[PDB]
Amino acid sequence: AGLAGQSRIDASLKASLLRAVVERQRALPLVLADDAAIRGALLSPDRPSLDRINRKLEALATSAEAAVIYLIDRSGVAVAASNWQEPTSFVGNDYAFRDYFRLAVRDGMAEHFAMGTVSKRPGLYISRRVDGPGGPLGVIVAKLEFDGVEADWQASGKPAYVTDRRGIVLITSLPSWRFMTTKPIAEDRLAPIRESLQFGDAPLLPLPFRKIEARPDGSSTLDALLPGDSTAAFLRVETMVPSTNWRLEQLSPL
């Protein structure tokens, strides 16, 4: 009852923190997608241009604490990247068939959660179409990672995780709960979801919960198996993360 009321307040904060973290990164493609020096680098991809966009993105990503920010031309090729001096530079890479690229071309913008193709680091890929004359010029992408939010949550003493509308856990204070589910999926649409996540190894098995008893709260009690130690008893509350289509759930130990 009052564990329930205290857990509601706690889950609401965690949701505002996450909202604040996302919104920091959102502003950068919002602004970059209309920038005449980004457009001109895509209308005339000379080596002087692209070096400046390279340093522009490099310095922007560093102060923004964005994993990568990069610019993709109309054929899917990354022409500029914040990580241009790193062995792991994205410059030259082909992302023509990436969701974040393809849906930004089609819709104007997209936000997509997936594992990095070489990094194996999960994150939100936030993308915007760069509009030109007579058509699209390319896409600007910022990848956000959530390691600092996940550490804040794990220090809270109340495990928390975020699901999409498919029920898949994307962000979690318990690492091995990532890509576990709130509902049984699986078998026929494991392939398409693993493809979507860029992660063949996504377990996509239900979260280790049982003895679920709903309350008139809208909250529920629950026995979970912890990444071992054993099983413990919890109160689960949920809340929407505002300005997202994401759902935060939080467990409080009984």
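The first residue of the sequence shown is number 1, and the count goes up from there.
Asker: Could you check which stretch, 99 to 107 or 149 to 157, carries the larger mean CA temperature factor in the entry?
Answerer: Comparing 99 to 107 with 149 to 157, the higher average CA B-factor belongs to 149 to 157.
Asker: Given the B-factors recorded for C-alpha atoms, which segment has the greater mean, 27 to 35 or 49 to 57?
Answerer: The entry gives the higher C-alpha B-factor average to 49 to 57.
Asker: What third of the chain, by the recorded C-alpha B-factor, contains residue 126?
Answerer: Its C-alpha B-factor belongs to the lowest third of this chain's values.
Asker: Please say which third, lowest, middle or highest, residue 167 falls into when its CA temperature factor is compared across its chain.
Answerer: CA B-factor rank for residue 167: highest third.
Asker: If you rank every modelled residue in this chain by C-alpha B factor, which third holds residue 44: lowest, middle or highest?
Answerer: It belongs to the highest third of the chain when residues are ordered by C-alpha B-factor.
Asker: Quick one: classify residue 119 as lowest, middle or highest third of the chain based on its Cα B-factor.
Answerer: Tercile = highest for this residue's CA B-factor.
Asker: Quick one: classify residue 215 as lowest, middle or highest third of the chain based on its Cα B-factor.
Answerer: Its C-alpha B-factor, which the entry lists for residue 215, ranks in the lowest third among residues of this chain.
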